[PDB]
Amino acid sequence: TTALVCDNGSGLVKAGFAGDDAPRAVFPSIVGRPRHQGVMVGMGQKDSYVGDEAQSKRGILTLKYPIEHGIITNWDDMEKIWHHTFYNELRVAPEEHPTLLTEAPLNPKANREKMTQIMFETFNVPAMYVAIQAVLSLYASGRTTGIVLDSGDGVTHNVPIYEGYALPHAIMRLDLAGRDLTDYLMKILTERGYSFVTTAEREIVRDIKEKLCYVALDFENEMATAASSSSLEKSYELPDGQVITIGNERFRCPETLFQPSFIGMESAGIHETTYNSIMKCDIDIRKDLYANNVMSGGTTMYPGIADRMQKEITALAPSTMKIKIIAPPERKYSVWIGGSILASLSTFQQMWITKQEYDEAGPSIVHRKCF
Amino acid sequence: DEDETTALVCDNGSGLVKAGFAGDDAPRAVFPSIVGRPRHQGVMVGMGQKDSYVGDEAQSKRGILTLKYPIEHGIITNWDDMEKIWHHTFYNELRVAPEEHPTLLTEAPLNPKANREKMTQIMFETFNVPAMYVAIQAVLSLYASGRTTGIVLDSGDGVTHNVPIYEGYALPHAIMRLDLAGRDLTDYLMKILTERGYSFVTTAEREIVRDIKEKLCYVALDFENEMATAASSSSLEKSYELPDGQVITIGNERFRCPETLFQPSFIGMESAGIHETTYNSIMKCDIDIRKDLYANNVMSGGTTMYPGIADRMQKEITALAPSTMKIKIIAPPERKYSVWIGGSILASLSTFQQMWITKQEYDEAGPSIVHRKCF
Amino acid sequence: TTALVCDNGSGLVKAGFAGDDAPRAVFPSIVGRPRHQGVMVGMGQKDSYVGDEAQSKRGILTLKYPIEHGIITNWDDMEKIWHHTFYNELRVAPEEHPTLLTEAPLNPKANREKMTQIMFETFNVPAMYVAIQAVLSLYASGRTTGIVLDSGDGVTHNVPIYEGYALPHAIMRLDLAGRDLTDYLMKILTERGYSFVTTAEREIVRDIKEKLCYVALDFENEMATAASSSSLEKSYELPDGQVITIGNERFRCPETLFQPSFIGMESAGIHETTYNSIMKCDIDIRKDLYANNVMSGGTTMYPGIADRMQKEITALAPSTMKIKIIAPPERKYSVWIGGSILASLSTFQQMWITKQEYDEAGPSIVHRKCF
Amino acid sequence: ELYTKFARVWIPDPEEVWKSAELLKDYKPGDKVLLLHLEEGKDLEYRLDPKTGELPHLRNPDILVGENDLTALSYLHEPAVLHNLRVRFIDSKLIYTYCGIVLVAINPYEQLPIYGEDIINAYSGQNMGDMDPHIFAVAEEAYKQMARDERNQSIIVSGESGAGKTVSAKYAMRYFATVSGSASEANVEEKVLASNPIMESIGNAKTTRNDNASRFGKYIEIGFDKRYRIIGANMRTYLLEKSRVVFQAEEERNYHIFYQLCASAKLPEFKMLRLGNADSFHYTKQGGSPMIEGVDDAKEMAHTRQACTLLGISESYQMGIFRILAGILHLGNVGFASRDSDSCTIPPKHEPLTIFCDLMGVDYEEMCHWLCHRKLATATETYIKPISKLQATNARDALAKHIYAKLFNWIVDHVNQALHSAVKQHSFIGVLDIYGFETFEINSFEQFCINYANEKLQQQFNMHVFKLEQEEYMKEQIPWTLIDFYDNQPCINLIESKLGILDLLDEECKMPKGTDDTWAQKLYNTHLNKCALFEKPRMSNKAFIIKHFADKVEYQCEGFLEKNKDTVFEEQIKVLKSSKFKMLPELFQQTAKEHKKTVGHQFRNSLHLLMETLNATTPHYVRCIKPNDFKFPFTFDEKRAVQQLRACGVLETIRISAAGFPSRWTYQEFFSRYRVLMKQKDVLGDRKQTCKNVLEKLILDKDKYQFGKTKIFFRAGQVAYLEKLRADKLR
Ligand SMILES: Nc1ncnc2c1ncn2[C@@H]1O[C@H](COP(=O)(O)OP(=O)(O)O)[C@@H](O)[C@H]1O
Ligand SMILES: Nc1ncnc2c1ncn2[C@@H]1O[C@H](COP(=O)(O)OP(=O)(O)O)[C@@H](O)[C@H]1O
Ligand SMILES: Nc1ncnc2c1ncn2[C@@H]1O[C@H](COP(=O)(O)OP(=O)(O)O)[C@@H](O)[C@H]1O
Ligand SMILES: Nc1ncnc2c1ncn2[C@@H]1O[C@H](COP(=O)(O)OP(=O)(O)O)[C@@H](O)[C@H]1O
Ligand SMILES: [Mg+2]
Ligand SMILES: [Mg+2]
Ligand SMILES: [Mg+2]
Ligand SMILES: [Mg+2]
């Protein structure tokens, strides 16, 4: 047997076998459904579409996300996404290979229970496991000690770890993530008359965000050069061939991670949650956490963010602390990588909830197995 | 001190402008925001048709002139024509020089920054106003409602918008602007009247369809039941005598038209219905104040003047919200002037007389001043 | 003259005149500051609000706590809180009546000195005094001998006393208090997807805590009945009308007082600190301390806590010793009542630190008076 | 030191107010205690302020305490000026006095015969400065100035109720008549005497301080021709209380006329008007004291009907005035039941409304509708709106205040019809019968408006005092810059200017969510730390403090907003103007602006018009003082008297005078008095040059005196110091 590994991303799924250097399958976790009717006799359409075949049919289909705020919203669509990965993408039976799945910290008990239930009761998996994203991206980084900030599409969590042991009193979950930056980007583009309203248009704004946006080192300075010099203005061809001009919004958008008041949150910025997590840890280990701030997840892939984060943490910490940030080249592929590492580990073969084990303790077997 | 250089107050409506002095109970001037231009040759040299006509003098020349709209989707499309509308208001209607009194103007939330800047510029550079101000319609219609807390649903000719407010403070993430408005209902009404062979193609004919819409249409309380009585009883067909003299029947369309506000799918939009946008904007607000917004749903603007709309809205919000919340809709008569009345109130306050962008302040700071003054 | 008496509580202030049966003023020690933008041009506006007028504007206001860990964090907020008590609430001139204040044992010397300075410098009090909360709640309990366990919002403390004399080496202060129980309650409600993030939402979780939670007499039994019978669940109505189901967490949140490991503390449970502080006393007096365990402060308002603390002290102490745990019904004001009694006694005029004593001897006169 | 052993001082008392005390020793500098001799014995010692070193007020010499003007005293302080009036009123029974320009009059509650033709003929043709102080002296000054300058004049009479303002105005009017003989063809004096009982019935009310007080500024013009002979008169009215018509304070009542109606309801003529009782009627029941002790309102209704009959207004019109007044109270009984969605309604056949509609000759259905609803007109359509219970009571009560004010003016037009003449006047003298400053432990909108009115009159007075002194300095060739001007316009500008106290009250009146507490919060935000004048109690947020000339006044914010409302819908005026009754079409014969002003904005309009009327005329000034509150003849009470002196504002004009150069004497009078001090070697061939030389030796500091072409001016206490040196040389 060769175990399967999959990260249940809130906007992007990754999948493959344990031992693969990279996820051999990757696609948007989107189900698209037609909002129109049939213009001809015959020509039978699908009832629903999955990932790339939904993205090629934008405007004809309305796009839905089966995951929101790091939790599952429709299990019938998650069963559709899972079927796709096993047979319509990896071309492999889930009855032959064990499966590692992943979830965020502070996730509802019912979400984990229903996830393990569906994999045994529909995909008939021989054995399975569900692993926190943070520990996996820390294994991929390569440090037994380090606070890992995994900022994805629907979640952001600062999880401190020392000599392997995590500190559940210092972990911090944050709902601000890459989707809210996309929604804010639509508002600040509407100020220049570039309005957007459909979920198909939101995908174009998301491309624009990932291509052109970057984190300011000092917001006021970049606001002054945007107003005075205006050299930060850049063009973008839309599908229909129309050019739009974007500037200033390029730093105002991702600045929301340090200033959540832009979107009306009372919540602290990503640097403040990192500092406060270290301040909640034992005084003897703080120095080792300051030396090992690990960036993780796709919302950290903004230019300048590691230099700003280093400055912002250095301003909060004592001047004697060596503030060392580590941003793995592949911050995006880090959870999956660590999952395949824990999948090729021959000692982990004892931590697999078996099919028979599931039957013994209903759906809460995973809870005992984890804690 | 009965004399105050009494400020002028005007709502820049996308299909209907209103104007008057502060302290007037109602707008003393009101007319369609339409510029009409001749499309035919002079049968004589002494014809001398005005190059352009404005409002009522364009409407009295329908079919001979082609009607334009200087505003679309809530934003200005031709500033030369907006200069012509403004000139008309000052001397050809109110008979007053703009160099004497300050001017209050209005706009919809999420309006582009350049539209606000150019409106401020033209007032100070063409009309030479001593001082001016630009106000969001939602706070004005809330002054006219007379409560310090509520959610306003303002629906005009060219734009709709939701704005929740509490203790005089607003929530800039919970606001929701929608492009579905009274013009799209008029365009849909032409399409569904064409089902009975009643085709319409000119903007002069659109104006007759717009009258028909305002006179005969109403929001239903249960669409499926109203479709059943339209098909079975068939007592909904009202033969509207066309101005020309053509008695034309209008039946199921009297509700299919305004139902588009709750069902935007009729016109191919992915966007949610007006009730859903009012519910979601309450659900974006903090958990304590939601009960006070449910108790204070304010209807505003000329597209809300449909029979039955407040009772349908009350049911539609009650079906979404928890049953323990008392859902109240506020929908008094004459909601087409609520925004203006709120402007006339604001311009009459003593505490507002320091919040006037002066001609000197504009000359010193440049056109970006209107944004500093607001935020 | 009739002296003023006030408890500087970390989440709830109480105030009145000496001789009053109960504190005629009581309110949350919260300053509320705006978080939104005023869009009503020309309206009545305020800078910051205090207590009930902050609680009526929750959301629009963000909330602050001028006291944390039993110590003052901002004297500019405490100045406003004191101003409110004197002129806006009790409507009384502080230059007319003396002011008795309170504090927890092991409170910094600088905190007592700055509190003393403000009363004479800005409020111009004729005379004042600071009294340990423990001795006051023992006066309200009416015995000369007994160990008090005082547990408030921001601090918890053990103080053994015999023949009116404390044992300063035997006292035990603990940082676990009612605020940490509220913070843990948010985490265990998040296990059922009932997440909360604002300080205005934390006030609703705090109400939920005070209304529904209770101490189990046997945790392992209560966990078994929660899993098997599930009859312990209650539905609660949130401010927007929606109901949430709270069960199991109703005994888990206060159990943290006996099991501080839930929140990652190395510290012993409240019974173990009561046992250890009796074991620090002379063996001849322990019998009288076991016969007189006084419960005090608002966190001791959990159904079942007196019966548990008993089963727990009886399990640690010798079987020959008569274990008695007394809990005065009005525990929330026991400290205030003791202050109102103390300030009335003809034998207290010597303790009043006069303005002339402060002006001559400097702020450290407060320590000389106390010790 | 002036603190010797024969120089008496003044020591405070919580009863006698000021006791005289005689120095047992000569005070030395740095002495902390002073030994004194009271009228009860040498049993007192005095501890001097150990923080400021303050000594008690020195008494004036015995040659100065006997005069008819306070300006003749050297030391000018409250003990001395209160005592000067006291001894005159008690020993010499003197009622009149001067304070520079001001005449003061203390009410003797005893028939004085100083009003006989033989006194009038003795004063006539003589100088007012050679005569003793008297109403005749200020009346003949105004008459002389009218004839010499060809310019109109005005005498301002003011003080507390019961003080003699009405009484002094009658004596002034009698003189104006007798100085030009008589007007037997017109009988203006008899018609003025017939007007006052009906004017006070509609314009005065009972207050906690007095069984009868005027609530408005009464202004009478006396006309004369080229022969300066009296030919007729006119009655003007200003600053009338609007709130009184509807709202009553505790232990107070409405205008006396309303109760005259009520007590007379037993008579067959009033029985047809269906008048009931003062406990049933709303605008009257609120006060808790409908009837006045020792007064029968039915006897007052008999008197006012006789007074109307002497003025010649028809008995049919009298009954018409009564029918209207019965109507506006039935209107006050119309109560509105609350409805849903911010609405109200009236019961079917509501008996106060059926009686109102029958009395006023109007349709019930129209009156019921325009109160269950309201109109809203636009440029395209007219609409009808629901009206809340609170909006309906506010509209009803604004309507009741409006229609009473029109009825008042109608009655005043008939009073003018009796007083006027077909002969055109060549000139005229005004008499203004206005009130003093008003203060209590709790103050309302009424007290605010009364004090605002006093501040304007005070500005005119302050300016005049400076103007006359400046003219006297210029005539004596003495620099004007040596006198300082003390005004009160900052206290005026605080109230009526933009964002001032009154404009923020109008703003809170128009705003739909404005409140008494929101107005108080606006006042604390706008004026607390931006005006030292404005003050605020620390232990309350319900009150605010304003510095007024007489003293500071604390006002309770509650009620101000409600009382400022006066808006009434023009449709509610229209349905009463269409009345089948003959009077109502003539009561409401621009209105669209007037029917939307606030009470405060109407009051401002009225006051500014009166201020400019008094600015056109040459002003004269008299103060009326009430010496007690037991109404006992020649009984003087120091507590009442010092309060009166403060309300009349005279203690501040005496202070302005003292800060400048109060005492003044010609070189010859100075010589005659202090020639004893001069040696043969000191006296010259010119007494003026002698006095200039020796005064510079007697007083070394040059700011203590001022040398004129004819008279020497002196600072306070300097003439008393010369008299001390004169006495010290004799003994
Ligand atoms: N290079 C990039 N720059 C900026 N944002 C990015 C970039 N790459 C991905 N993102 C954003 O980050 C999110 C993807 O993070 P990811 O770790 O894939 O989340 P998940 O696994 O929950 O789907 C999306 O919101 C995406 O738009
Ligand atoms: N009584 C009515 N019934 C239905 N639609 C109406 C009615 N009155 C106006 N409308 C429509 O509402 C719009 C007018 O709204 P209005 O507030 O005047 O908009 P704007 O100010 O943007 O011009 C037009 O589309 C008009 O046809
Ligand atoms: N009935 C109750 N059950 C549980 N906790 C309570 C109860 N009443 C009060 N508390 C808690 O007690 C604390 C306040 O009590 P108090 O003695 O006034 O504290 P402090 O004086 O430190 O402010 C808060 O943490 C509050 O949540
Ligand atoms: N000079 C006076 N001599 C005698 N009585 C007087 C004199 N002045 C006033 N009074 C008395 O005062 C009362 C009338 O005063 P009046 O001027 O009517 O008061 P007011 O105008 O303040 O209400 C009567 O009792 C009257 O006898
Ligand atoms: Mg991720
Ligand atoms: Mg509009
Ligand atoms: Mg306590
Ligand atoms: Mg009188």
# chains A, B, ... in the order shown; residues from 1 in each chain; ligands from 1
>>> interface_residues(of="chain D", to="chain C", cutoff="7 Å", atoms="only C-alpha atoms", output="ChimeraX atom specification")
/D:518,521-522,538-540
>>> closest_atom_pairs(of="chain B", to="chain C", cutoff="7 Å", atoms="only C-alpha atoms", output="Markdown table")
| residue | atom | partner | partner_atom | distance |
| --- | --- | --- | --- | --- |
| B:139 | CA | C:40 | CA | 6.8 |
| B:168 | CA | C:40 | CA | 4.9 |
| B:169 | CA | C:38 | CA | 4.4 |
| B:170 | CA | C:37 | CA | 6.1 |
| B:171 | CA | C:36 | CA | 6.8 |
| B:286 | CA | C:59 | CA | 5.9 |
| B:287 | CA | C:240 | CA | 5.8 |
| B:288 | CA | C:239 | CA | 5.3 |
| B:290 | CA | C:240 | CA | 5.6 |
| B:291 | CA | C:240 | CA | 5.4 |
| B:322 | CA | C:241 | CA | 5.4 |
| B:324 | CA | C:241 | CA | 5.5 |
| B:325 | CA | C:241 | CA | 5.8 |
| B:351 | CA | C:42 | CA | 5.2 |
| B:352 | CA | C:42 | CA | 6.0 |
>>> residues_near_ligand(ligand="ligand 5", cutoff="6 Å", atoms="only C-alpha atoms and all ligand atoms", output="number ranges by chain")
A: 9, 152, 297
>>> residues_around(residues="region 229-235 of chain B", least_positions_apart="2", cutoff="12 Å", atoms="only C-alpha atoms", output="PyMOL selection string")
chain B and resi 220+222-227+237-239+249-256
>>> write_last_selection(atoms="N, CA and C atoms", output="tab-separated table (two decimals), in the first residue's frame")
chain	number	residue	atom	x	y	z
B	220	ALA	N	-46.86	42.03	-5.32
B	220	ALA	CA	-47.80	40.99	-4.83
B	220	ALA	C	-47.36	40.45	-3.47
B	222	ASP	N	-48.02	37.10	-2.51
B	222	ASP	CA	-47.64	35.73	-2.87
B	222	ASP	C	-47.74	35.56	-4.40
B	223	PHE	N	-46.58	35.58	-5.07
B	223	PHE	CA	-46.53	35.53	-6.56
B	223	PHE	C	-47.30	34.34	-7.13
B	224	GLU	N	-47.07	33.13	-6.61
B	224	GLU	CA	-47.69	31.91	-7.14
B	224	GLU	C	-49.22	31.97	-7.07
B	225	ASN	N	-49.78	32.51	-5.98
B	225	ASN	CA	-51.22	32.74	-5.85
B	225	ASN	C	-51.71	33.83	-6.82
B	226	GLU	N	-50.95	34.90	-7.01
B	226	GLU	CA	-51.29	35.98	-7.94
B	226	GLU	C	-51.23	35.52	-9.42
B	227	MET	N	-50.30	34.63	-9.77
B	227	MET	CA	-50.27	33.94	-11.07
B	227	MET	C	-51.51	33.07	-11.28
B	237	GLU	N	-56.72	42.27	-15.90
B	237	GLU	CA	-56.41	43.02	-17.15
B	237	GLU	C	-57.05	44.41	-17.11
B	238	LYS	N	-56.22	45.45	-16.96
B	238	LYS	CA	-56.73	46.85	-16.90
B	238	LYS	C	-56.42	47.55	-18.23
B	239	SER	N	-57.46	47.86	-19.01
B	239	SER	CA	-57.25	48.50	-20.34
B	239	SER	C	-56.83	49.96	-20.17
B	249	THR	N	-54.64	46.56	-22.83
B	249	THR	CA	-54.86	45.81	-21.56
B	249	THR	C	-53.54	45.49	-20.85
B	250	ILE	N	-53.51	45.58	-19.52
B	250	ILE	CA	-52.30	45.23	-18.72
B	250	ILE	C	-52.77	44.36	-17.55
B	251	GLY	N	-52.34	43.09	-17.48
B	251	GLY	CA	-52.87	42.19	-16.43
B	251	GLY	C	-51.79	41.62	-15.54
B	252	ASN	N	-51.23	40.46	-15.92
B	252	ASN	CA	-50.19	39.79	-15.10
B	252	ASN	C	-48.96	40.69	-14.98
B	253	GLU	N	-48.74	41.57	-15.95
B	253	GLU	CA	-47.54	42.44	-15.94
B	253	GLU	C	-47.59	43.41	-14.76
B	254	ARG	N	-48.79	43.73	-14.27
B	254	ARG	CA	-48.94	44.70	-13.15
B	254	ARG	C	-48.21	44.21	-11.90
B	255	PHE	N	-47.81	42.93	-11.86
B	255	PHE	CA	-47.03	42.43	-10.70
B	255	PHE	C	-45.70	41.80	-11.14
B	256	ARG	N	-45.66	41.14	-12.30
B	256	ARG	CA	-44.40	40.59	-12.84
B	256	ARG	C	-43.29	41.64	-12.95
>>> residues_near_ligand(ligand="ligand 4", cutoff="6 Å", atoms="only C-alpha atoms and all ligand atoms", output="list in words")
residues 107, 108, 109, 110, 111, 112, 160, 161, 162, 163, 164, 165, 166, 167 and 213 of chain D
>>> write_last_selection(atoms="C-alpha atoms", output="PDB file, in the first residue's frame")
ATOM      1  CA  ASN D 107     -42.732 102.496  48.579  1.00  0.00           C
ATOM      2  CA  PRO D 108     -44.128 103.979  51.914  1.00  0.00           C
ATOM      3  CA  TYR D 109     -47.469 102.032  51.766  1.00  0.00           C
ATOM      4  CA  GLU D 110     -48.901 105.268  53.261  1.00  0.00           C
ATOM      5  CA  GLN D 111     -50.921 108.009  51.455  1.00  0.00           C
ATOM      6  CA  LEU D 112     -48.294 110.780  50.988  1.00  0.00           C
ATOM      7  CA  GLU D 160     -40.429  94.421  41.658  1.00  0.00           C
ATOM      8  CA  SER D 161     -44.252  93.940  41.638  1.00  0.00           C
ATOM      9  CA  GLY D 162     -46.093  96.064  44.246  1.00  0.00           C
ATOM     10  CA  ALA D 163     -43.195  98.585  44.193  1.00  0.00           C
ATOM     11  CA  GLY D 164     -45.028 101.700  42.840  1.00  0.00           C
ATOM     12  CA  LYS D 165     -44.212 101.432  39.082  1.00  0.00           C
ATOM     13  CA  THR D 166     -47.911 101.814  38.126  1.00  0.00           C
ATOM     14  CA  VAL D 167     -48.338 104.427  40.890  1.00  0.00           C
ATOM     15  CA  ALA D 213     -47.475  90.481  38.778  1.00  0.00           C
TER      16      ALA D 213
END
>>> atom_distance(atom1="CA of residue 445 (chain D)", atom2="CA of residue 560 (chain D)")
5.2 Å
>>> select_by_dssp(residues="region 14-143 of chain A", states="alpha helix (DSSP H)", output="PyMOL selection string")
chain A and resi 52-55+75-83+109-121+133-141
>>> write_last_selection(atoms="C-alpha atoms", output="mmCIF file, in the first residue's frame")
data_model
loop_
_atom_site.group_PDB
_atom_site.id
_atom_site.type_symbol
_atom_site.label_atom_id
_atom_site.label_comp_id
_atom_site.auth_asym_id
_atom_site.auth_seq_id
_atom_site.Cartn_x
_atom_site.Cartn_y
_atom_site.Cartn_z
ATOM 1 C CA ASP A 52 -11.079 23.682 -13.832
ATOM 2 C CA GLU A 53 -14.218 22.548 -15.805
ATOM 3 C CA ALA A 54 -16.266 25.038 -13.697
ATOM 4 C CA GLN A 55 -13.662 27.850 -14.243
ATOM 5 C CA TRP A 75 -21.240 17.611 2.627
ATOM 6 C CA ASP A 76 -22.925 16.536 -0.657
ATOM 7 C CA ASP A 77 -20.480 18.877 -2.490
ATOM 8 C CA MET A 78 -17.521 17.655 -0.339
ATOM 9 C CA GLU A 79 -18.477 14.053 -1.321
ATOM 10 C CA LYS A 80 -18.476 15.295 -4.994
ATOM 11 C CA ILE A 81 -14.996 16.924 -4.597
ATOM 12 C CA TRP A 82 -13.659 13.756 -2.854
ATOM 13 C CA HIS A 83 -15.077 11.429 -5.577
ATOM 14 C CA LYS A 109 -16.037 18.594 16.820
ATOM 15 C CA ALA A 110 -19.000 17.816 14.483
ATOM 16 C CA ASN A 111 -16.948 18.862 11.371
ATOM 17 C CA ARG A 112 -14.180 16.290 12.217
ATOM 18 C CA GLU A 113 -16.768 13.561 13.102
ATOM 19 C CA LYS A 114 -18.774 13.938 9.827
ATOM 20 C CA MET A 115 -15.520 14.099 7.756
ATOM 21 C CA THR A 116 -14.262 10.738 9.207
ATOM 22 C CA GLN A 117 -17.799 9.211 8.918
ATOM 23 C CA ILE A 118 -18.178 9.949 5.142
ATOM 24 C CA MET A 119 -14.700 8.498 4.332
ATOM 25 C CA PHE A 120 -15.532 5.152 6.018
ATOM 26 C CA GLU A 121 -19.273 4.927 5.111
ATOM 27 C CA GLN A 133 -2.168 21.937 9.257
ATOM 28 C CA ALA A 134 0.379 23.734 11.528
ATOM 29 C CA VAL A 135 2.409 20.677 12.696
ATOM 30 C CA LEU A 136 2.740 19.522 9.039
ATOM 31 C CA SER A 137 4.060 22.889 7.722
ATOM 32 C CA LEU A 138 6.497 22.959 10.724
ATOM 33 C CA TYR A 139 7.750 19.431 9.786
ATOM 34 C CA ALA A 140 8.215 20.770 6.217
ATOM 35 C CA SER A 141 10.132 23.825 7.568
#
>>> interface_residues(of="chain D", to="chain B", cutoff="9 Å", atoms="only C-alpha atoms", output="list in words")
residues 341, 376, 377, 378, 379, 380, 383, 384, 385, 498, 499, 503, 504, 507, 510, 511, 512 and 513 of chain D
>>> write_last_selection(atoms="N, CA and C atoms", output="tab-separated table (two decimals), in the first residue's frame")
chain	number	residue	atom	x	y	z
D	341	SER	N	-48.66	53.13	14.98
D	341	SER	CA	-47.81	53.80	13.97
D	341	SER	C	-47.78	55.33	14.12
D	376	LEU	N	-49.75	68.11	4.41
D	376	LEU	CA	-48.41	68.33	3.84
D	376	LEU	C	-48.53	68.63	2.34
D	377	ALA	N	-48.30	69.88	1.94
D	377	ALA	CA	-48.32	70.31	0.54
D	377	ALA	C	-46.94	70.21	-0.13
D	378	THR	N	-46.92	69.88	-1.43
D	378	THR	CA	-45.72	69.86	-2.30
D	378	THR	C	-45.99	70.59	-3.62
D	379	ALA	N	-44.96	70.74	-4.46
D	379	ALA	CA	-45.09	71.36	-5.79
D	379	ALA	C	-45.98	70.57	-6.78
D	380	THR	N	-46.22	69.28	-6.54
D	380	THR	CA	-47.01	68.39	-7.42
D	380	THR	C	-48.35	67.97	-6.81
D	383	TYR	N	-50.79	66.09	0.40
D	383	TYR	CA	-50.90	64.80	1.12
D	383	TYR	C	-51.39	65.03	2.55
D	384	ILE	N	-51.95	64.00	3.19
D	384	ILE	CA	-52.41	64.00	4.58
D	384	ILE	C	-51.64	62.93	5.35
D	385	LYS	N	-51.08	63.30	6.50
D	385	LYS	CA	-50.27	62.44	7.38
D	385	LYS	C	-50.99	62.19	8.71
D	498	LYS	N	-24.94	83.48	16.91
D	498	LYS	CA	-24.89	82.17	16.25
D	498	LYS	C	-24.29	81.14	17.20
D	499	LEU	N	-24.88	79.94	17.27
D	499	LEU	CA	-24.44	78.85	18.18
D	499	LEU	C	-24.49	79.32	19.64
D	503	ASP	N	-29.93	80.18	20.07
D	503	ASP	CA	-29.88	79.52	18.75
D	503	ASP	C	-29.72	78.00	18.84
D	504	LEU	N	-28.97	77.49	19.83
D	504	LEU	CA	-28.91	76.05	20.11
D	504	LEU	C	-30.25	75.51	20.64
D	507	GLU	N	-32.36	75.24	17.49
D	507	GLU	CA	-31.87	74.06	16.77
D	507	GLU	C	-32.40	72.75	17.38
D	510	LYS	N	-36.14	72.32	16.51
D	510	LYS	CA	-36.42	71.82	15.14
D	510	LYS	C	-35.95	70.38	14.89
D	511	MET	N	-34.86	69.92	15.52
D	511	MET	CA	-34.35	68.55	15.33
D	511	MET	C	-35.30	67.49	15.92
D	512	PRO	N	-35.64	66.41	15.18
D	512	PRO	CA	-36.70	65.46	15.57
D	512	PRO	C	-36.35	64.59	16.79
D	513	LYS	N	-35.05	64.40	17.08
D	513	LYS	CA	-34.52	63.66	18.24
D	513	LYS	C	-33.75	64.55	19.24
>>> residues_around(residues="region 391-404 of chain D", least_positions_apart="2", cutoff="9 Å", atoms="only C-alpha atoms", output="PyMOL selection string")
chain D and resi 242-246+324-325+328-329+331-332+334-336+344+371-373+387-389+406-409+562+565-569+572-573+587-588+595
>>> interface_residues(of="chain C", to="chain A", cutoff="10 Å", atoms="only C-alpha atoms", output="ChimeraX atom specification")
/C:35-36,59,62,184,187-195,197-200,261-265
>>> write_last_selection(atoms="C-alpha atoms", output="compact mmCIF listing (two decimals), in the first residue's frame")
# COMPACT_ATOMS: atom_id res chain seq x y z
CA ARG C 35 -15.01 52.26 17.12
CA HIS C 36 -17.25 53.61 14.29
CA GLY C 59 -20.47 47.26 19.48
CA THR C 62 -14.93 48.92 22.05
CA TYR C 184 -12.00 29.43 28.61
CA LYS C 187 -12.94 28.27 23.63
CA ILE C 188 -15.24 25.40 24.80
CA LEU C 189 -18.33 27.07 23.17
CA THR C 190 -16.24 27.26 19.91
CA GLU C 191 -16.13 23.37 19.98
CA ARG C 192 -19.87 23.49 18.96
CA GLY C 193 -19.13 26.32 16.43
CA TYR C 194 -20.35 29.06 18.85
CA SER C 195 -17.31 31.33 18.27
CA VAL C 197 -14.15 37.48 19.18
CA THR C 198 -15.23 41.02 20.34
CA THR C 199 -15.19 42.37 23.94
CA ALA C 200 -18.91 43.26 23.41
CA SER C 261 -4.31 22.36 33.79
CA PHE C 262 -7.32 23.12 31.47
CA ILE C 263 -5.75 26.61 30.88
CA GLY C 264 -2.10 25.33 30.98
CA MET C 265 -1.22 26.59 34.53
